[PDB]
>>> print(open('my_file_24.txt').read())   # compact mmCIF, C-alpha atoms and all ligand atoms
# COMPACT_ATOMS: atom_id res chain seq x y z
CA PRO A 6 -8.50 -22.93 1.63
CA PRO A 7 -12.09 -24.21 1.85
CA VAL A 8 -14.74 -22.18 0.02
CA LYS A 9 -18.20 -21.31 1.29
CA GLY A 10 -19.94 -22.68 -1.81
CA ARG A 11 -19.93 -26.15 -3.30
CA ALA A 12 -16.45 -27.33 -4.23
CA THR A 13 -15.76 -27.56 -7.96
CA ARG A 14 -12.75 -28.67 -9.98
CA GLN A 15 -11.94 -25.05 -10.86
CA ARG A 16 -11.96 -23.96 -7.21
CA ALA A 17 -9.97 -27.06 -6.25
CA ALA A 18 -7.49 -26.36 -9.05
CA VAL A 19 -6.91 -22.75 -8.01
CA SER A 20 -6.55 -23.86 -4.38
CA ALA A 21 -3.98 -26.47 -5.43
CA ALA A 22 -2.12 -23.82 -7.43
CA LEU A 23 -2.17 -21.45 -4.44
CA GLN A 24 -0.77 -24.04 -2.03
CA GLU A 25 1.70 -25.25 -4.68
CA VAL A 26 3.74 -22.02 -4.67
CA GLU A 27 4.88 -19.67 -1.90
CA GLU A 28 5.70 -16.37 -3.64
CA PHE A 29 3.31 -13.46 -4.18
CA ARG A 30 1.47 -13.39 -7.50
CA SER A 31 -1.53 -11.69 -9.07
CA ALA A 32 -4.58 -13.14 -10.81
CA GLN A 33 -2.94 -12.91 -14.25
CA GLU A 34 0.21 -14.84 -13.30
CA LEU A 35 -1.69 -17.65 -11.58
CA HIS A 36 -4.08 -17.77 -14.55
CA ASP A 37 -1.07 -18.17 -16.83
CA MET A 38 0.46 -20.95 -14.75
CA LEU A 39 -2.82 -22.87 -14.33
CA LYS A 40 -3.56 -22.68 -18.06
CA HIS A 41 -0.02 -23.81 -18.88
CA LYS A 42 -0.11 -26.82 -16.54
CA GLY A 43 -3.46 -27.82 -18.09
CA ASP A 44 -6.28 -26.39 -15.97
CA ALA A 45 -8.17 -24.25 -18.54
CA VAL A 46 -9.83 -21.99 -15.97
CA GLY A 47 -11.22 -18.49 -16.42
CA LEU A 48 -9.71 -15.14 -15.48
CA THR A 49 -12.87 -13.79 -13.88
CA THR A 50 -13.44 -17.15 -12.19
CA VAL A 51 -10.05 -17.06 -10.46
CA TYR A 52 -10.59 -13.37 -9.66
CA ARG A 53 -13.89 -14.18 -7.94
CA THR A 54 -12.36 -17.17 -6.14
CA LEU A 55 -9.48 -15.13 -4.73
CA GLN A 56 -11.89 -12.32 -3.80
CA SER A 57 -13.91 -14.86 -1.80
CA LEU A 58 -10.75 -16.33 -0.26
CA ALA A 59 -9.49 -12.89 0.79
CA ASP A 60 -12.92 -12.21 2.28
CA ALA A 61 -12.46 -15.46 4.22
CA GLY A 62 -8.83 -14.50 4.90
CA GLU A 63 -7.34 -17.86 3.91
CA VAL A 64 -4.88 -16.00 1.65
CA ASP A 65 -2.93 -12.79 2.25
CA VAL A 66 -3.05 -9.78 -0.08
CA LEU A 67 -0.47 -7.13 -0.93
CA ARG A 68 -0.68 -4.10 -3.23
CA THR A 69 2.50 -3.79 -5.27
CA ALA A 70 4.22 -0.53 -6.19
CA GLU A 71 2.13 -0.13 -9.35
CA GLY A 72 -1.06 -0.88 -7.39
CA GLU A 73 -2.15 -4.33 -8.50
CA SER A 74 -2.95 -6.83 -5.74
CA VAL A 75 -0.83 -9.97 -5.41
CA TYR A 76 -1.88 -12.94 -3.30
CA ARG A 77 0.02 -15.57 -1.24
CA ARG A 78 -1.40 -18.60 0.65
CA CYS A 79 0.62 -18.14 3.85
CA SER A 80 1.20 -21.12 6.12
CA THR A 81 0.71 -19.18 9.35
CA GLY A 82 -2.88 -18.16 10.05
CA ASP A 83 -2.24 -15.92 13.05
CA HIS A 84 -1.46 -12.21 12.80
CA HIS A 85 1.84 -11.67 11.01
CA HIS A 86 3.73 -9.49 8.54
CA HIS A 87 5.75 -10.37 5.44
CA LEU A 88 9.23 -9.31 4.36
CA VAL A 89 9.23 -9.44 0.55
CA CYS A 90 12.04 -9.13 -2.00
CA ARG A 91 10.76 -7.79 -5.32
CA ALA A 92 13.67 -9.31 -7.25
CA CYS A 93 12.90 -12.81 -5.89
CA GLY A 94 9.28 -12.66 -4.75
CA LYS A 95 10.08 -14.70 -1.64
CA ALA A 96 8.07 -13.84 1.48
CA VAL A 97 9.42 -14.31 5.01
CA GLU A 98 6.94 -14.43 7.90
CA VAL A 99 8.06 -11.83 10.46
CA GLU A 100 5.96 -10.76 13.45
CA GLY A 101 6.73 -8.20 16.14
CA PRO A 102 4.63 -7.17 19.16
CA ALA A 103 6.53 -3.86 19.40
CA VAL A 104 4.82 -2.41 16.32
CA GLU A 105 1.41 -3.56 17.58
CA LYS A 106 2.03 -1.95 20.98
CA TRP A 107 3.19 1.26 19.28
CA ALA A 108 0.07 1.32 17.09
CA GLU A 109 -2.18 0.78 20.10
CA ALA A 110 -0.37 3.49 22.08
CA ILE A 111 -0.61 6.10 19.31
CA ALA A 112 -4.26 5.19 18.68
CA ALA A 113 -5.07 5.63 22.37
CA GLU A 114 -3.14 8.91 22.58
CA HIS A 115 -5.04 10.31 19.59
CA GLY A 116 -8.33 8.88 20.87
CA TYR A 117 -8.89 6.79 17.74
CA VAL A 118 -11.47 4.03 18.10
CA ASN A 119 -9.99 1.29 15.89
CA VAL A 120 -6.57 0.70 14.34
CA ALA A 121 -5.98 -1.23 11.10
CA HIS A 122 -2.23 -1.19 10.46
CA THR A 123 -0.82 -1.62 6.94
CA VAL A 124 2.88 -2.47 7.32
CA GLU A 125 5.21 -3.82 4.64
CA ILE A 126 9.01 -4.00 4.33
CA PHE A 127 10.57 -4.22 0.86
CA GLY A 128 14.21 -5.21 0.49
CA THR A 129 16.81 -7.18 -1.47
CA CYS A 130 18.52 -10.45 -0.62
CA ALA A 131 22.28 -10.70 -0.18
CA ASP A 132 22.35 -12.99 -3.22
CA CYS A 133 20.56 -10.30 -5.23
CA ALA A 134 23.45 -7.87 -4.73
CA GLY A 135 25.96 -10.57 -5.60
CA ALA A 136 26.53 -11.51 -9.23
CA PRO B 6 7.91 23.81 -2.85
CA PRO B 7 10.46 24.70 -5.56
CA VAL B 8 10.16 22.77 -8.82
CA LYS B 9 13.14 21.61 -10.87
CA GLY B 10 11.56 23.08 -14.00
CA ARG B 11 11.60 26.73 -14.97
CA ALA B 12 9.46 29.25 -13.12
CA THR B 13 5.96 29.19 -14.62
CA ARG B 14 2.49 30.01 -13.35
CA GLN B 15 1.39 26.36 -13.56
CA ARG B 16 3.96 25.09 -11.05
CA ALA B 17 3.41 28.02 -8.69
CA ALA B 18 -0.38 27.63 -8.84
CA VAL B 19 -0.35 23.89 -8.17
CA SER B 20 2.22 24.28 -5.38
CA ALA B 21 0.15 27.02 -3.72
CA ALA B 22 -3.03 24.94 -4.01
CA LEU B 23 -1.25 21.96 -2.45
CA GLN B 24 0.05 24.17 0.37
CA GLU B 25 -3.42 25.57 1.07
CA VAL B 26 -4.93 22.09 1.52
CA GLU B 27 -3.70 19.88 4.37
CA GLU B 28 -5.60 16.69 3.45
CA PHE B 29 -4.54 13.70 1.38
CA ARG B 30 -6.35 13.99 -1.95
CA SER B 31 -6.24 12.37 -5.37
CA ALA B 32 -5.08 13.99 -8.60
CA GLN B 33 -8.65 14.36 -9.90
CA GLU B 34 -9.76 16.05 -6.67
CA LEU B 35 -6.83 18.47 -6.88
CA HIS B 36 -7.68 19.24 -10.51
CA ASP B 37 -11.33 19.86 -9.63
CA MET B 38 -10.60 22.18 -6.71
CA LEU B 39 -7.97 24.02 -8.77
CA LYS B 40 -10.55 24.51 -11.54
CA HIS B 41 -13.06 25.79 -8.99
CA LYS B 42 -10.43 28.20 -7.65
CA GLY B 43 -10.00 29.53 -11.20
CA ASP B 44 -6.52 28.20 -11.99
CA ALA B 45 -7.71 26.55 -15.23
CA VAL B 46 -4.80 24.09 -15.16
CA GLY B 47 -4.66 20.77 -16.96
CA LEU B 48 -5.11 17.36 -15.40
CA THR B 49 -2.08 15.92 -17.20
CA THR B 50 -0.13 18.95 -15.99
CA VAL B 51 -1.30 18.18 -12.45
CA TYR B 52 -0.13 14.57 -12.78
CA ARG B 53 3.27 15.49 -14.23
CA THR B 54 3.99 18.23 -11.69
CA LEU B 55 2.82 16.01 -8.83
CA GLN B 56 5.09 13.17 -9.97
CA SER B 57 7.99 15.64 -10.22
CA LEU B 58 7.31 16.89 -6.69
CA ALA B 59 7.07 13.32 -5.37
CA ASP B 60 10.43 12.51 -6.97
CA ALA B 61 11.80 15.69 -5.38
CA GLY B 62 10.70 14.44 -1.94
CA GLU B 63 8.94 17.69 -1.01
CA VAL B 64 5.55 15.91 -0.82
CA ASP B 65 4.17 12.77 0.82
CA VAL B 66 2.46 10.10 -1.28
CA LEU B 67 0.00 7.41 -0.21
CA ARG B 68 -1.93 4.63 -1.94
CA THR B 69 -5.67 4.33 -1.35
CA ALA B 70 -7.19 1.01 -0.33
CA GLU B 71 -9.15 0.60 -3.57
CA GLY B 72 -6.12 1.49 -5.72
CA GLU B 73 -6.02 5.24 -6.31
CA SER B 74 -3.25 7.49 -4.96
CA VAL B 75 -3.60 10.47 -2.62
CA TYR B 76 -0.95 13.07 -1.82
CA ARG B 77 -0.37 15.57 0.97
CA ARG B 78 2.16 18.20 2.05
CA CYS B 79 3.72 17.89 5.52
CA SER B 80 5.79 20.71 7.00
CA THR B 81 8.33 18.39 8.63
CA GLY B 82 11.17 17.39 6.32
CA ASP B 83 12.27 14.51 8.54
CA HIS B 84 11.10 10.96 7.91
CA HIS B 85 7.70 10.20 9.44
CA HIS B 86 4.69 7.89 9.17
CA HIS B 87 1.03 8.77 8.72
CA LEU B 88 -2.27 8.01 10.45
CA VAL B 89 -5.10 8.63 7.96
CA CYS B 90 -8.82 8.49 8.75
CA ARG B 91 -10.61 7.09 5.70
CA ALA B 92 -13.97 8.46 6.86
CA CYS B 93 -12.72 12.07 7.06
CA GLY B 94 -9.49 11.86 5.04
CA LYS B 95 -7.53 13.80 7.66
CA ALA B 96 -3.90 12.74 8.07
CA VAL B 97 -1.55 13.26 11.02
CA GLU B 98 2.20 12.63 11.00
CA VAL B 99 4.03 10.76 13.77
CA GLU B 100 7.39 9.09 14.30
CA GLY B 101 8.29 6.15 16.51
CA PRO B 102 11.76 4.58 16.77
CA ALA B 103 10.34 1.08 17.35
CA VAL B 104 9.49 0.48 13.68
CA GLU B 105 12.99 1.60 12.67
CA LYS B 106 14.69 -0.65 15.22
CA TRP B 107 12.55 -3.63 14.20
CA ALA B 108 13.30 -3.05 10.52
CA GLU B 109 17.03 -2.80 11.23
CA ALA B 110 16.97 -5.97 13.34
CA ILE B 111 15.05 -7.89 10.66
CA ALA B 112 17.43 -6.71 7.93
CA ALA B 113 20.48 -7.69 10.00
CA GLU B 114 19.03 -11.10 10.88
CA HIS B 115 18.00 -11.92 7.30
CA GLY B 116 21.09 -10.37 5.69
CA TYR B 117 19.13 -8.02 3.44
CA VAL B 118 21.42 -5.38 1.95
CA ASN B 119 18.93 -2.49 1.86
CA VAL B 120 15.29 -2.26 2.90
CA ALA B 121 12.48 0.26 2.34
CA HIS B 122 9.67 0.10 4.90
CA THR B 123 6.21 1.57 4.29
CA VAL B 124 4.13 2.18 7.43
CA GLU B 125 0.88 4.06 6.75
CA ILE B 126 -1.94 3.25 9.16
CA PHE B 127 -5.68 3.89 9.18
CA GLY B 128 -8.29 4.43 11.88
CA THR B 129 -11.47 6.38 12.57
CA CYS B 130 -11.13 9.52 14.68
CA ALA B 131 -13.42 10.75 17.45
CA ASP B 132 -15.71 13.03 15.42
CA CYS B 133 -16.80 10.01 13.36
CA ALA B 134 -18.60 8.53 16.38
CA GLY B 135 -20.02 11.90 17.39
CA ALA B 136 -23.38 12.73 15.83
ZN ZN C 201 1.83 -15.43 5.94
ZN ZN C 202 0.70 -6.61 12.84
ZN ZN C 203 15.97 -11.53 -3.58
ZN ZN C 204 3.93 13.94 6.16
ZN ZN C 205 -12.71 10.63 10.94
ZN ZN C 206 10.07 4.47 9.76
>>> encode(input="my_file_24.txt", output="structure tokens")
Amino acid sequence: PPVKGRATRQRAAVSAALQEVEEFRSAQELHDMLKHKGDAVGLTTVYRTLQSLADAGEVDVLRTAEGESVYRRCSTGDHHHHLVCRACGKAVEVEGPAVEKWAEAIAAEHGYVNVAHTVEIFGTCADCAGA
Amino acid sequence: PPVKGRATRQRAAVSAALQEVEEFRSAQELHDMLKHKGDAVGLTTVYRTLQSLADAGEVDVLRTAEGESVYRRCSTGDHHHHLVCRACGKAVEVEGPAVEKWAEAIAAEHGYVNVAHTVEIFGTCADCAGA
């Protein structure tokens, strides 16, 4: 995830941390993990970096049930949706043109100019049910 | 909108105020308009009664983009999704089988035991362009 400004070891470290993992996580959790592995990087610094990255779109955002935003550097850059298990945190890249066509159709029927769909599916793995 | 608690003027007043308005609105906005109407009801009371109603399923919840929560009453008791114009705040309920079929297919393919899909979509309506 290249940054608009000059690259610095803090930005490189947070980028390495983002690409290191695949689950969704907030600024606090990634701050914890980077400090524990030996980065010593600021909370507001990582917050600003992920704000800039989300503005660039290199990472994907998701508001949890409480409300806090979690972030995930997704491999696929095209339009896509994520199936997320809260017990595991794993994200599966799922995309369907049917929902996009439905959104376009309902927007046209209602005469709406632009459509910005917010779709998320929350579930549990089969292993989660098993003990 | 019956409330699980005993019959009191607070619950009746907040339920009537919610019924009168047909726009997604935050707890603070509901408290302010209730105060202006002369109810003189507490903000914590508004929050508690609103949470009780949301747990009862008689009301529809939604999370704002910035983080706050808005709530609205829809006449239909059946499951439905919402199109909400951020510029005006007006919300309209629709239902399309395609999202349900896609969710079922994804759950079957990935083996997820149970899933909970949230589909709330946003777009500007015609009067926004009109001047
Ligand atoms: Zn992705
Ligand atoms: Zn999509
Ligand atoms: Zn799981
Ligand atoms: Zn509704
Ligand atoms: Zn509008
Ligand atoms: Zn649905």
>>> residues_near_ligand(input="my_file_24.txt", ligand="ligand ZN 203 (chain C)", cutoff="12 Å", atoms="only C-alpha atoms and all ligand atoms", output="count of residues only")
27
>>> residues_near_ligand(input="my_file_24.txt", ligand="ligand ZN 202 (chain C)", cutoff="12 Å", atoms="all atoms listed in the file", output="number ranges by chain")
A: 83-87, 98-109, 120-125; B: 104, 124, 126
>>> calpha_fit_and_write(input="my_file_24.txt", fixed="chain B", moving="chain A", output="PDB file with C-alpha atoms, keeping the file's coordinate frame")
ATOM      1  CA  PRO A   6       7.896  22.986  -3.215  1.00  0.00           C
ATOM      2  CA  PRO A   7      10.420  24.382  -5.717  1.00  0.00           C
ATOM      3  CA  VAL A   8      10.576  22.673  -9.115  1.00  0.00           C
ATOM      4  CA  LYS A   9      13.702  21.814 -11.073  1.00  0.00           C
ATOM      5  CA  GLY A  10      12.498  23.582 -14.225  1.00  0.00           C
ATOM      6  CA  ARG A  11      11.545  27.190 -14.805  1.00  0.00           C
ATOM      7  CA  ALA A  12       8.686  28.319 -12.587  1.00  0.00           C
ATOM      8  CA  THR A  13       5.388  28.924 -14.376  1.00  0.00           C
ATOM      9  CA  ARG A  14       1.984  30.121 -13.212  1.00  0.00           C
ATOM     10  CA  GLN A  15       0.583  26.587 -13.505  1.00  0.00           C
ATOM     11  CA  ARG A  16       3.344  25.110 -11.336  1.00  0.00           C
ATOM     12  CA  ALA A  17       2.999  28.003  -8.886  1.00  0.00           C
ATOM     13  CA  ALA A  18      -0.774  27.509  -8.803  1.00  0.00           C
ATOM     14  CA  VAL A  19      -0.549  23.787  -8.065  1.00  0.00           C
ATOM     15  CA  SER A  20       2.082  24.481  -5.395  1.00  0.00           C
ATOM     16  CA  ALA A  21      -0.208  27.081  -3.810  1.00  0.00           C
ATOM     17  CA  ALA A  22      -3.083  24.589  -3.899  1.00  0.00           C
ATOM     18  CA  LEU A  23      -0.885  21.913  -2.296  1.00  0.00           C
ATOM     19  CA  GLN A  24       0.231  24.167   0.558  1.00  0.00           C
ATOM     20  CA  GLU A  25      -3.309  25.554   0.920  1.00  0.00           C
ATOM     21  CA  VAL A  26      -4.783  22.261   2.175  1.00  0.00           C
ATOM     22  CA  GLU A  27      -3.509  19.580   4.558  1.00  0.00           C
ATOM     23  CA  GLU A  28      -5.561  16.457   3.765  1.00  0.00           C
ATOM     24  CA  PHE A  29      -4.627  13.723   1.290  1.00  0.00           C
ATOM     25  CA  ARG A  30      -6.019  14.089  -2.223  1.00  0.00           C
ATOM     26  CA  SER A  31      -5.421  12.695  -5.694  1.00  0.00           C
ATOM     27  CA  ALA A  32      -4.740  14.449  -8.994  1.00  0.00           C
ATOM     28  CA  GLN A  33      -8.445  14.526  -9.915  1.00  0.00           C
ATOM     29  CA  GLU A  34      -9.602  16.210  -6.694  1.00  0.00           C
ATOM     30  CA  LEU A  35      -6.909  18.893  -6.796  1.00  0.00           C
ATOM     31  CA  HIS A  36      -7.671  19.433 -10.494  1.00  0.00           C
ATOM     32  CA  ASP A  37     -11.316  19.953  -9.565  1.00  0.00           C
ATOM     33  CA  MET A  38     -10.525  22.426  -6.798  1.00  0.00           C
ATOM     34  CA  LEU A  39      -8.008  24.422  -8.871  1.00  0.00           C
ATOM     35  CA  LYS A  40     -10.422  24.668 -11.805  1.00  0.00           C
ATOM     36  CA  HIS A  41     -13.237  25.734  -9.477  1.00  0.00           C
ATOM     37  CA  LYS A  42     -11.203  28.474  -7.773  1.00  0.00           C
ATOM     38  CA  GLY A  43     -10.212  29.773 -11.230  1.00  0.00           C
ATOM     39  CA  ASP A  44      -6.870  28.239 -12.216  1.00  0.00           C
ATOM     40  CA  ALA A  45      -7.773  26.470 -15.505  1.00  0.00           C
ATOM     41  CA  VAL A  46      -4.869  24.015 -15.397  1.00  0.00           C
ATOM     42  CA  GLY A  47      -4.535  20.644 -17.104  1.00  0.00           C
ATOM     43  CA  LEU A  48      -4.963  17.153 -15.685  1.00  0.00           C
ATOM     44  CA  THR A  49      -1.802  15.769 -17.253  1.00  0.00           C
ATOM     45  CA  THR A  50       0.056  18.947 -16.292  1.00  0.00           C
ATOM     46  CA  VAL A  51      -0.770  18.530 -12.599  1.00  0.00           C
ATOM     47  CA  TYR A  52      -0.024  14.800 -12.884  1.00  0.00           C
ATOM     48  CA  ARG A  53       3.444  15.555 -14.267  1.00  0.00           C
ATOM     49  CA  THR A  54       4.031  18.266 -11.655  1.00  0.00           C
ATOM     50  CA  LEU A  55       3.170  15.969  -8.752  1.00  0.00           C
ATOM     51  CA  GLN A  56       5.255  13.176 -10.309  1.00  0.00           C
ATOM     52  CA  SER A  57       8.225  15.565 -10.355  1.00  0.00           C
ATOM     53  CA  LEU A  58       7.489  16.728  -6.802  1.00  0.00           C
ATOM     54  CA  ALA A  59       7.299  13.146  -5.516  1.00  0.00           C
ATOM     55  CA  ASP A  60      10.586  12.450  -7.293  1.00  0.00           C
ATOM     56  CA  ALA A  61      11.975  15.449  -5.392  1.00  0.00           C
ATOM     57  CA  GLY A  62      10.138  14.273  -2.262  1.00  0.00           C
ATOM     58  CA  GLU A  63       8.623  17.656  -1.397  1.00  0.00           C
ATOM     59  CA  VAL A  64       5.212  15.952  -1.107  1.00  0.00           C
ATOM     60  CA  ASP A  65       4.251  12.618   0.451  1.00  0.00           C
ATOM     61  CA  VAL A  66       2.359   9.886  -1.408  1.00  0.00           C
ATOM     62  CA  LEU A  67      -0.088   7.240  -0.219  1.00  0.00           C
ATOM     63  CA  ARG A  68      -1.900   4.488  -2.131  1.00  0.00           C
ATOM     64  CA  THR A  69      -5.509   4.270  -0.992  1.00  0.00           C
ATOM     65  CA  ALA A  70      -7.499   1.061  -0.572  1.00  0.00           C
ATOM     66  CA  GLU A  71      -8.628   1.092  -4.210  1.00  0.00           C
ATOM     67  CA  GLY A  72      -5.049   1.756  -5.363  1.00  0.00           C
ATOM     68  CA  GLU A  73      -5.013   5.348  -6.554  1.00  0.00           C
ATOM     69  CA  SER A  74      -2.234   7.565  -5.185  1.00  0.00           C
ATOM     70  CA  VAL A  75      -3.146  10.561  -3.027  1.00  0.00           C
ATOM     71  CA  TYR A  76      -0.682  13.325  -2.212  1.00  0.00           C
ATOM     72  CA  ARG A  77      -0.151  15.636   0.813  1.00  0.00           C
ATOM     73  CA  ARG A  78       2.382  18.499   1.210  1.00  0.00           C
ATOM     74  CA  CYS A  79       3.537  17.612   4.733  1.00  0.00           C
ATOM     75  CA  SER A  80       5.089  20.303   6.907  1.00  0.00           C
ATOM     76  CA  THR A  81       7.776  18.046   8.364  1.00  0.00           C
ATOM     77  CA  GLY A  82      10.536  17.105   5.932  1.00  0.00           C
ATOM     78  CA  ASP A  83      12.311  14.528   8.086  1.00  0.00           C
ATOM     79  CA  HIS A  84      11.409  10.838   8.157  1.00  0.00           C
ATOM     80  CA  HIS A  85       7.904  10.360   9.523  1.00  0.00           C
ATOM     81  CA  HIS A  86       4.675   8.384   9.209  1.00  0.00           C
ATOM     82  CA  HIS A  87       1.055   9.511   8.907  1.00  0.00           C
ATOM     83  CA  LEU A  88      -2.048   8.432  10.806  1.00  0.00           C
ATOM     84  CA  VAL A  89      -4.975   8.974   8.425  1.00  0.00           C
ATOM     85  CA  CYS A  90      -8.742   8.827   8.958  1.00  0.00           C
ATOM     86  CA  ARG A  91     -10.564   7.908   5.749  1.00  0.00           C
ATOM     87  CA  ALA A  92     -13.811   9.507   6.934  1.00  0.00           C
ATOM     88  CA  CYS A  93     -12.072  12.868   7.547  1.00  0.00           C
ATOM     89  CA  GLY A  94      -8.904  12.745   5.456  1.00  0.00           C
ATOM     90  CA  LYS A  95      -6.899  14.401   8.233  1.00  0.00           C
ATOM     91  CA  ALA A  96      -3.269  13.291   8.557  1.00  0.00           C
ATOM     92  CA  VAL A  97      -1.380  13.320  11.864  1.00  0.00           C
ATOM     93  CA  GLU A  98       2.428  13.228  11.780  1.00  0.00           C
ATOM     94  CA  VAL A  99       3.538  10.322  13.991  1.00  0.00           C
ATOM     95  CA  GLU A 100       7.113   9.022  14.143  1.00  0.00           C
ATOM     96  CA  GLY A 101       8.549   6.156  16.170  1.00  0.00           C
ATOM     97  CA  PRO A 102      12.149   4.892  16.345  1.00  0.00           C
ATOM     98  CA  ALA A 103      10.936   1.500  17.628  1.00  0.00           C
ATOM     99  CA  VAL A 104       9.566   0.464  14.228  1.00  0.00           C
ATOM    100  CA  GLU A 105      12.769   1.610  12.505  1.00  0.00           C
ATOM    101  CA  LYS A 106      14.901  -0.383  14.959  1.00  0.00           C
ATOM    102  CA  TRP A 107      12.670  -3.435  14.462  1.00  0.00           C
ATOM    103  CA  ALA A 108      12.961  -3.128  10.673  1.00  0.00           C
ATOM    104  CA  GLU A 109      16.740  -2.826  10.884  1.00  0.00           C
ATOM    105  CA  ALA A 110      16.959  -5.806  13.252  1.00  0.00           C
ATOM    106  CA  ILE A 111      14.827  -8.089  11.063  1.00  0.00           C
ATOM    107  CA  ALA A 112      16.713  -6.966   7.944  1.00  0.00           C
ATOM    108  CA  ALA A 113      20.044  -7.770   9.594  1.00  0.00           C
ATOM    109  CA  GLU A 114      18.791 -11.130  10.885  1.00  0.00           C
ATOM    110  CA  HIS A 115      17.614 -12.118   7.399  1.00  0.00           C
ATOM    111  CA  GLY A 116      20.772 -10.701   5.810  1.00  0.00           C
ATOM    112  CA  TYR A 117      18.837  -8.263   3.621  1.00  0.00           C
ATOM    113  CA  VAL A 118      20.913  -5.454   2.135  1.00  0.00           C
ATOM    114  CA  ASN A 119      18.429  -2.554   2.163  1.00  0.00           C
ATOM    115  CA  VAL A 120      15.096  -1.941   3.886  1.00  0.00           C
ATOM    116  CA  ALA A 121      12.338   0.303   2.499  1.00  0.00           C
ATOM    117  CA  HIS A 122       9.460   0.178   4.985  1.00  0.00           C
ATOM    118  CA  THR A 123       5.879   0.928   3.903  1.00  0.00           C
ATOM    119  CA  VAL A 124       3.870   1.579   7.081  1.00  0.00           C
ATOM    120  CA  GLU A 125       0.404   3.114   7.330  1.00  0.00           C
ATOM    121  CA  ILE A 126      -2.238   3.170  10.084  1.00  0.00           C
ATOM    122  CA  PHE A 127      -5.889   3.700   9.128  1.00  0.00           C
ATOM    123  CA  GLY A 128      -8.429   4.574  11.802  1.00  0.00           C
ATOM    124  CA  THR A 129     -11.476   6.636  12.774  1.00  0.00           C
ATOM    125  CA  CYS A 130     -11.719   9.721  14.956  1.00  0.00           C
ATOM    126  CA  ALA A 131     -13.754   9.767  18.158  1.00  0.00           C
ATOM    127  CA  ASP A 132     -16.008  12.368  16.531  1.00  0.00           C
ATOM    128  CA  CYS A 133     -16.574   9.988  13.617  1.00  0.00           C
ATOM    129  CA  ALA A 134     -18.165   7.401  15.916  1.00  0.00           C
ATOM    130  CA  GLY A 135     -20.273  10.074  17.576  1.00  0.00           C
ATOM    131  CA  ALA A 136     -23.377  11.377  15.829  1.00  0.00           C
TER     132      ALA A 136
END
>>> residues_near_ligand(input="my_file_24.txt", ligand="ligand ZN 201 (chain C)", cutoff="6 Å", atoms="only C-alpha atoms and all ligand atoms", output="short mmCIF file (atom, residue, chain, number, x, y, z; two decimals) with C-alpha atoms, in the coordinates of the input")
data_model
loop_
_atom_site.label_atom_id
_atom_site.label_comp_id
_atom_site.auth_asym_id
_atom_site.auth_seq_id
_atom_site.Cartn_x
_atom_site.Cartn_y
_atom_site.Cartn_z
CA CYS A 79 0.62 -18.14 3.85
CA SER A 80 1.20 -21.12 6.12
CA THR A 81 0.71 -19.18 9.35
CA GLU A 98 6.94 -14.43 7.90
#
>>> residues_around(input="my_file_24.txt", residues="residue B:69", least_positions_apart="5", cutoff="10 Å", atoms="all atoms listed in the file", output="list in words")
residues 68 and 72 of chain A; 29, 30, 31, 74, 75, 76 and 91 of chain B
>>> closest_residue(input="my_file_24.txt", among="B:82, B:71, B:42, B:6", to="chain A", atoms="only C-alpha atoms")
B:71
>>> atom_distance(input="my_file_24.txt", atom1="atom CA of residue A:23", atom2="atom CA of residue A:61")
14.7 Å
>>> atom_distance(input="my_file_24.txt", atom1="atom CA of residue B:46", atom2="atom CA of residue B:15")
6.8 Å
>>> residues_around(input="my_file_24.txt", residues="residue A:39", least_positions_apart="6", cutoff="12 Å", atoms="all atoms listed in the file", output="CSV table (one decimal) with C-alpha atoms, keeping the file's coordinate frame")
chain,number,residue,atom,x,y,z
A,15,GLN,CA,-11.9,-25.0,-10.9
A,16,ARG,CA,-12.0,-24.0,-7.2
A,17,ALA,CA,-10.0,-27.1,-6.2
A,18,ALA,CA,-7.5,-26.4,-9.0
A,19,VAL,CA,-6.9,-22.8,-8.0
A,20,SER,CA,-6.6,-23.9,-4.4
A,21,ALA,CA,-4.0,-26.5,-5.4
A,22,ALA,CA,-2.1,-23.8,-7.4
A,23,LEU,CA,-2.2,-21.4,-4.4
A,25,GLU,CA,1.7,-25.2,-4.7
A,26,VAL,CA,3.7,-22.0,-4.7
A,32,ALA,CA,-4.6,-13.1,-10.8
A,33,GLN,CA,-2.9,-12.9,-14.2
A,45,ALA,CA,-8.2,-24.2,-18.5
A,46,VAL,CA,-9.8,-22.0,-16.0
A,47,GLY,CA,-11.2,-18.5,-16.4
A,48,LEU,CA,-9.7,-15.1,-15.5
A,51,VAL,CA,-10.0,-17.1,-10.5
>>> closest_residue(input="my_file_24.txt", among="B:65, B:27, B:13, B:114", to="ligand ZN 204 (chain C)", atoms="only C-alpha atoms and all ligand atoms")
B:65
>>> axis_aligned_box(input="my_file_24.txt", around="stretch 34-49 of chain B", padding_each_side="4 Å", output="lines of an AutoDock Vina configuration file")
center_x = -7.6
center_y = 22.7
center_z = -11.9
size_x = 19.0
size_y = 21.6
size_z = 18.5
